[PDB]
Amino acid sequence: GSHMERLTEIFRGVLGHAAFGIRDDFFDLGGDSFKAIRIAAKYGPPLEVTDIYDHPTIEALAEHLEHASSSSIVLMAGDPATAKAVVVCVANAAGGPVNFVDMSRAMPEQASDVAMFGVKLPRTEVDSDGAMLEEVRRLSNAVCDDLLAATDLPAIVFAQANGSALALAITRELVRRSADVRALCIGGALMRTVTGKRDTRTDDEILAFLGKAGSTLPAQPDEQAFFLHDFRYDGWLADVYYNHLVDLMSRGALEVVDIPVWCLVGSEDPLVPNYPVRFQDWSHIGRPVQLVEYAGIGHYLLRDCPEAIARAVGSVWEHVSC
């Protein structure tokens, strides 16, 4: 029915109880990350997960929906009118712009000149690896189109682990169009040099992997279902694109871009513990390659030191300012 009526129905279904009003905070009574994703998915397209964080009440959220407006990116910090550069952020598997919330909230104090856009992951249904590669091309072109229509500022591409895959695509597209790309920043990932295997693991094996990486899996089976759908989809997409790039390398046909690459890694990351020798493999994509090492931190830099990641993005911009 109405905006607030659908919001109240979805909130009562997702939170557990019906004793809920339109002025109560979403987080002060059990709301979170997964529940916000589930809410944004059930409500429909025009609601984004970040709008629940900027508007954790049903009335304010419905007002936002009134003057709301489809884009492939979402503005998270700064304003392109006053800014000197923009940063396009791609999240890890099962993620999205939400992953950068904290980081965005640190940008005004760590990179005041830089605006932040987050890439939305539609997860379009496809029936083949070739269709998946066509979808990677379509999505990278959509992100580039929306970015070049949103701003004409120098652009930095930031990637979170698995998101690196899509990030690479975007960067390369932006070079084909001779757009103003000045840096590729990648967190908690390494360039893939060998053809990869497809993810045939069980849900429990994924839970163990995420425990090893330092993350817990949600308990609600619907939240788990959405998380695992997105996780396996993103893994498939990234595997396809990295295998394409590795084939290009095998034949010597991967062009090196004159764009610097920053590799931000936590020192205690159990997923890339061989980085001291492998981080330099980003030379296949761009040069020079710079390493920033965060001591005592694991894989999830955006969870454990988001302010420092904003600081790294500001540093990258000032390094490529002139």
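Quick note: we count residues from 1 along the sequence shown, nothing fancier.
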| property | result |
| --- | --- |
| Deposited-sequence gap flanked by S69 and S70 | 1 to 3 |
| Stretch exceeding the other in mean C-alpha B-factor - 178 to 186, 80 to 88 | 80 to 88 |
| Segment of higher mean CA temperature factor, 312 to 320 or 1 to 9 | 1 to 9 |
| Maximum C-alpha temperature factor, selected from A165, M191, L153, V98 | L153 |
| Top residue by Cα temperature factor, when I297, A62, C263, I285 are compared in the entry | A62 |
| Among modelled residues of the same chain, the CA temperature factor third for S267 | middle |
| Where the record places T202 (Cα B-factor, split into thirds across the chain) | middle |
| Within-chain third of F209 by Cα B-factor, per the entry | middle |
| Record-listed C-alpha B factor of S128: chain third | lowest |
| CA B-factor placement of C144, once the chain's modelled residues are sorted into thirds | middle |
